[PDB]
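1. give me a 3D structure for the following:
(chains A and B)
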2 protein chains.
Amino acid sequence: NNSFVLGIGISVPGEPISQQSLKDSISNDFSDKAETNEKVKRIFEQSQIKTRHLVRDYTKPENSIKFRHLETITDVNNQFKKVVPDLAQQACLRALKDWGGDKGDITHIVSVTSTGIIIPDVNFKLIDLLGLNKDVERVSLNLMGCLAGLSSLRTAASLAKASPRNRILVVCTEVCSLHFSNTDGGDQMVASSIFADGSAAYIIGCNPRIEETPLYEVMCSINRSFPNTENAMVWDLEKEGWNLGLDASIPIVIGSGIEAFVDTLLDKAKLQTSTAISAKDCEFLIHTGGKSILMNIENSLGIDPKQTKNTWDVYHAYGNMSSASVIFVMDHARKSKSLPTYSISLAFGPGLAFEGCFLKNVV
Amino acid sequence: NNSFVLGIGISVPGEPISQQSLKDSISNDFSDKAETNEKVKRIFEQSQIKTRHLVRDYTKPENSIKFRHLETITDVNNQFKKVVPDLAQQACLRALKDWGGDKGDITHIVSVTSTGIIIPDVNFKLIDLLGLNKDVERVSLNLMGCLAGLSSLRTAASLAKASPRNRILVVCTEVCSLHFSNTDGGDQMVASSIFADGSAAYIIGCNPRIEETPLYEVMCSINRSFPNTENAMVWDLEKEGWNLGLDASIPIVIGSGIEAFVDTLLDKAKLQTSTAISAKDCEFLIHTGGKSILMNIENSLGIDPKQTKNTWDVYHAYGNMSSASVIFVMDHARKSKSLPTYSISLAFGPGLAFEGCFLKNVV
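-> Numbers count the residues shown, from 1 in each chain, chains lettered A, B, ... in the order given. Please see the structure below:
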């Protein structure tokens, strides 16, 4: 009587943009100081990202980053509004076909994002787009940040467990390329090197049905909050646009609290899997937030590259797409033909806050 | 079994501001055309609202509405951020004592709003403020609009039904006074006559416990979406601030679809209370959106003033506080000593969309 993710689908803006051309393009347009331009060029190189998908292709002259200061919150949001209905429809569409059922059987529709404000929200707009039951229940999980991915899985898990009749459809879609900035300092350069746009959707429910082919068994999931760190990650709504802030301590902070957290998750799991699980035997499906935050976690838990291969594939090929990035990894991971019995999924965002989930690879 | 509202608490900014003085004040400051100023004065008079609580008291000269055009989205939102945490803490605190339980037993914290963007969201900020379990599960139901009141009840209900262990705390807090506009068209004038600020919180869970004293038994709740009406209600994010838009058809679109909707809710209810409930026998706890809306619903369902007295008390003394308005009514209603055996709760918002809920007055 545990919820199951019954299908996943992704969707991205256009084709893969080279991280190298973006490096050249952005790094050379960032300013009029070679010293400050190399400092960007450097960050890209050491980013370890091969490609990203962007609604705003900065390698195109018109979209250069040196023009962003001429745009306001109206510009990017109005645009966002023009680029997100379709992307979510696409992922939603694919995640429905992967699920298998009859879209009339979908009881819930959950929309997720923190990169733009759309009212009516994305989940409402899709009702008619996908032709779902006009009465389908709506849930708008917005403003949770990069961790929103595991936030939705978690919430949809309980929703799914409120009745076996329920079949919750979830779409996490975020567009960051619209918000790059050539101001301040480091966190700004970094952000312009790792964030990308994307949309991921999945169907979830309890008591799998005759024609449904389960992907992951969501055994349990948790979350943690850390006091006195609300400024670690900033995303402020301002007339010029969203003001981003990433503290240099984020990597190490996450790293130092990761183990204790993974331990709290494992104890909850052992309440079912009565066979004392080791994270060392688990596949790691982590939110592709950044190479430093990804390596710090690997280190602190003393885990091997084999357990986080799938997430690195996602990060190399898409980078950080905020909330969707977790789901993207899950998708590509079930495509593998060698998943341990179990998987640990991690995500972190504004807060600070950790999101964790313990799954059983059913595919 | 099913979910129960175990406690409610409200919180509002400052003292009740006279609708008459706001009438005088904002009407005369609306423009330099007596013809336009009178049209505002008229709207206030025919608003049927006696008092409202506002973070921005327009009767005070500095807050004159004629200065609003000099502010930007940065201003109002920064102000919002600076004033909403205390209000939500206040409500939550009060809702916690009314609940009676020990705060350490709250498994979930749900934050709700659409009048401002705060990251980390309100639910996170409250963890430390209220001293809840650092691991308490977070849910950010934002951007759902005026109907978010019942959206949360609905969602927190299923959440409550995923385990008897769960005790979900929900806070809906909205601040509209910050956004009044003296631009053009009637909806702008109306909005400045009916919207107010406030915060309401409630505890909800299944299988009441020994020391808990249940307030309402939430038997079932539904929602409906209506195609080709996304523009009925607008709340756009723009550099100047939020751009509001209320279609003159809203009232009647509600009146004409309310009955069929209340019928769908009643049939779901009759699945438990085999006594073919009538609605004419139900107490009506309606979101205090406006006088035209309330009256249209009363005529369409052909209900008696006695069944909607409680909601009109709330509307007369607070006006429309978006998502919270619903909860406010539920609070003041359980204070009554003449409550029928059942209650029908309605709410509507962007989309368009209806939210409904069928409760059993257990107090």
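
2. all strands of the stretch 151-300 of chain A, in order?
-> A:167-174, A:198-206, A:216-225, A:233-238, A:241-246, A:283-286 (DSSP state E, counting those that start in this stretch).

3. first-to-last residue distance for stretch A:278-298?
-> One end of stretch A:278-298 to the other measures 14 Å (Cα to Cα, to the nearest Å).

4. how far does it sit from its chain's centre?
-> Relative to the centre of its chain, stretch A:278-298 is centred 14 Å away, using Cα atoms, centre = their mean, to the nearest Å.

5. with stretch A:113-124 instead?
-> 16 Å.

6. contact partners for the residue lying closest to residue A:273 once chain neighbours are set aside?
-> Counting by Cβ to Cβ, 6 or more residues apart in numbering or on different chains, residue A:219 is the residue found nearest to residue A:273 once chain neighbours are left out, at 7.1 Å. C-beta coordinates here come from the backbone N, C-alpha and C atoms, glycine included. Listed by Cβ atoms under 8 Å, 6 or more residues apart in numbering or on different chains, the contact set of residue A:219 reads A:2, A:269, A:272-273, A:358-360.

7. how about residues contacting stretch A:33-51?
-> Stretch A:33-51 is contacted from outside by A:16-20, A:22-24, A:26-28, A:30-31, A:186, A:189-190, A:192-194, A:290-291, A:315-319, using Cβ under 8 Å, 6+ apart.

8. so for it, what gets flagged as buried?
-> Of all the residues in stretch A:33-51, those buried under the rule 16 or more other Cβ atoms under 10 Å in any protein chain shown are A:37, A:39-41, A:43-44, A:47-49, A:51.

9. export the strands of the stretch 151-300 of chain A as JSON lines, with columns for distance to residue A:117.
-> Compiled in JSON lines, the strands of the stretch 151-300 of chain A are given as follows (distance: least, Cβ to Cβ, whole Å):
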{"stretch": "strand A:167-174", "distance to residue A:117": "12"}
{"stretch": "strand A:198-206", "distance to residue A:117": "16"}
{"stretch": "strand A:216-225", "distance to residue A:117": "24"}
{"stretch": "strand A:233-238", "distance to residue A:117": "8"}
{"stretch": "strand A:241-246", "distance to residue A:117": "10"}
{"stretch": "strand A:283-286", "distance to residue A:117": "28"}
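
10. of the contacts of residue A:219, buried ones?
-> Neighbour counting with 16+ other Cβ under 10 Å marks A:269, A:273, A:358-360 as buried within the contacts of residue A:219.

11. can you tell me how far residue A:337 is from residue B:224?
-> According to Cβ to Cβ, to the nearest Å, residue A:337 stands 44 Å off from residue B:224.

12. looking at the two, which is more packed in?
-> Legend: neighbour count by other Cβ atoms under 10 Å in any protein chain shown for residue A:337 and residue B:224, higher for residue B:224 (20 against 6).

13. once you drop chain neighbours, what's closest to that one?
-> Looking at residue B:224 with Cβ to Cβ, 6+ apart, the closest residue is residue B:354, at 4.5 Å.

14. double-check that that neighbour belongs to a strand.
-> Yes - with DSSP: H, G, I helix; E, B strand; the rest coil as the criterion, residue B:354 is assigned to a strand.

15. neighbours around it, how many?
-> A count of nearby residues for residue B:354, using other Cβ under 10 Å, gives 25.

16. hang on, it packs against residue B:261?
-> Yes - under the criterion of Cβ atoms under 8 Å, residue B:354 makes contact with residue B:261 at 5.1 Å.

17. mutual contacts of the two, please.
-> Listed contacts common to residue B:354 and residue B:261 are B:224, B:346; contacts here mean Cβ under 8 Å, 6+ apart.

18. now the helices for chain A?
-> With DSSP state H as the criterion, chain A has helices at A:19-29, A:34-45, A:73-99, A:122-126, A:148-160, A:186-194, A:250-269, A:291-300, A:309-317, A:324-334.

19. any idea how many residues pack against residue A:232?
-> 22.

20. ok, now which ones touch the spatially closest residue to it that is not a sequence neighbour?
-> Among residues not flanking residue A:232 along the chain, residue A:247 sits closest, at 4.6 Å (Cβ to Cβ, 6+ apart). By Cβ under 8 Å, 6+ apart, the residues touching residue A:247 are A:187, A:231-233.

21. tell me the two of those residues that are most distant?
-> The distance between the two most remote of the contacts of residue A:247 (Cβ to Cβ) is 11.7 Å, for A:187 and A:231.

22. is stretch A:109-121 anywhere near chain B?
-> Yes - using Cβ under 8 Å from any Cβ of the partner chain, stretch A:109-121 reaches chain B at A:114, A:117-121.

23. distance of residue A:250 relative to residue A:278?
-> Distance, residue A:250 to residue A:278, by Cβ to Cβ: 27 Å.

24. what about those two, which has more around it?
-> Shown here are residue A:250 and residue A:278; by other Cβ under 10 Å, residue A:250 has more neighbours (20 against 9).

25. surely that one touches residue A:231?
-> No - using Cβ under 8 Å, residue A:250 makes no contact with residue A:231, being 10.9 Å away.

26. about what we covered before: reformat the buried ones among the contacts of residue A:219 into JSON lines and put distance to residue A:211 next to each item.
-> Output for the buried ones among the contacts of residue A:219, formatted as JSON lines (distance: Cβ to Cβ, whole Å):
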{"residue": "A:269", "distance to residue A:211": "29"}
{"residue": "A:273", "distance to residue A:211": "28"}
{"residue": "A:358", "distance to residue A:211": "27"}
{"residue": "A:359", "distance to residue A:211": "22"}
{"residue": "A:360", "distance to residue A:211": "21"}
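
27. now, among those residues, which is nearest to residue A:125?
-> Among the buried ones among the contacts of residue A:219, residue A:359 lies closest to residue A:125 (Cβ to Cβ), at 30.0 Å.

28. any idea how far chain B is from the closest one?
-> The spacing between residue A:359 and chain B, counted by Cβ to the nearest Cβ, to the nearest Å, is 17 Å.

29. in the sheet, which residues pair with that residue? Tell me.
-> Judged by DSSP bridges, the bridge partners of residue A:359 are residue A:218, residue A:343.

30. list the contacts for it?
-> Shown in contact with residue A:359 (Cβ under 8 Å, 6+ apart): A:216-219, A:285, A:342-345.

31. okay, the contacts of residue A:219 in a markdown table with distance to residue A:165 next?
-> Below are the contacts of residue A:219 laid out as a markdown table (distance: Cβ to Cβ, whole Å):
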| residue | distance to residue A:165 |
| --- | --- |
| A:2 | 16 |
| A:269 | 27 |
| A:272 | 23 |
| A:273 | 27 |
| A:358 | 25 |
| A:359 | 23 |
| A:360 | 23 |
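
32. what is the nearest of the residues you listed to residue A:332?
-> Nearest to residue A:332, judged by Cβ to Cβ, of the contacts of residue A:219 is residue A:359 at 14.6 Å.

33. who does residue A:113 bridge with?
-> Assessed by DSSP bridges, residue A:113 has beta-bridge partners residue A:142.
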